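Enquirer: Give me a 3D structure for the following:
(chains A and B, ligands or ions: 1)
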2 protein chains.
Amino acid sequence: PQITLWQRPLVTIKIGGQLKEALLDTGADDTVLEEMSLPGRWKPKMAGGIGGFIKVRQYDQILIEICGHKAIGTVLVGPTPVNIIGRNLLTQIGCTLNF
Amino acid sequence: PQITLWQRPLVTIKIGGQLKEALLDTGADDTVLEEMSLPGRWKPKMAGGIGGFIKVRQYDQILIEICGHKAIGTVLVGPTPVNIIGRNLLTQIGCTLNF
Ligand SMILES: Cc1cccc(C)c1OCC(=O)N[C@@H](Cc1ccccc1)[C@@H](O)C[C@H](Cc1ccccc1)NC(=O)[C@H](C(C)C)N1CCCNC1=O
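Expert: Numbers count the residues shown, from 1 in each chain, chains lettered A, B, ... in the order given. The relevant structure is shown in the block below.
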């Protein structure tokens, strides 16, 4: 689908058997999800946004189903205000900017 | 142009007679630019991303040329680590997401 940007580009993702709403975010290198129940081993990391840094849990090779399309990659989990889908997953679903 | 997301989507902007590189950011509501020389009256305002909030100077109706396309709108200037073009300008150059 083509998405215009008059609204926040919020899509429906399915991750860890759960349904969530996330923002397709071209300005993000990585995917960062709010505190949620995820299975597996992890490694502690920091993510540097606009106001500073947040301590997140890094999970590798996690499956997300973004708006009907499937991707497998790195997901960070931490105290972020919005669920962010970054470029590490957006490339896998073939997402492009167009103007 | 079509822009894929394997790299940061950086475009050349021209603002206030000057050339800068800015990130095309679907995950940003507003346009925020690194400390730079702009003419005009401003209003103090507060942008909050991941990790907290930054104090910015708000200018209304700044002309920006993004990758050859002209746009006029609100530009925030503050201690952002990256120049960010947000949806308030992205909508004006007919920028869409596609997958
Ligand atoms: C939401 C908003 C409203 C008004 C104005 C602005 C600029 C707004 O956006 C601010 C903002 O931080 N938006 C983020 C997503 C957002 C929306 C709403 C709330 C919080 C965040 C994201 O798109 C841009 C921002 C850019 C950046 C900052 C520092 C270093 C490098 C890049 N990118 C990042 O933080 C990403 C994260 C998300 C994985 N990131 C951080 C690790 C290094 N690389 C990287 O890519």
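Enquirer: From residue B:4, how far off is residue A:59?
Expert: Distance of residue A:59 to residue B:4, given as C-beta to C-beta, to the nearest Å: 25 Å. Heads up, the C-betas are built off the backbone N, CA and C, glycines and all.
Enquirer: Between these two, point out the one with more neighbours.
Expert: Legend: neighbour count by other C-beta atoms under 10 Å in any protein chain shown for residue A:59 and residue B:4, higher for residue A:59 (20 against 13).
Enquirer: A strand includes the more buried one, no?
Expert: Yes: counting by DSSP: H, G, I helix; E, B strand; the rest coil, residue A:59 is part of a strand.
Enquirer: ok, it to residue B:41 distance?
Expert: 48 Å.
Enquirer: And residue A:20, by the same measure?
Expert: Going from residue A:20 to residue B:41 by C-beta to C-beta gives 42 Å.
Enquirer: These two: which has the busier surroundings?
Expert: The neighbour count for residue A:20 versus residue B:41, taken as other C-beta under 10 Å, is higher for residue A:20 (15 against 7).
Enquirer: Now do the contacts for residue A:33.
Expert: By C-beta atoms under 8 Å, 6 or more residues apart in numbering or on different chains, residue A:33 lies in contact with A:15, A:20, A:22, A:75, A:76, A:77, A:80, A:83, A:84.
Enquirer: between those residues, which is nearest residue B:55?
Expert: Residue B:55 has its nearest neighbour among these in residue A:80, at 21.1 Å by C-beta to C-beta.
Enquirer: so which strand or helix has that closest one?
Expert: Using DSSP states H and E, residue A:80 maps to neither a helix nor a strand.
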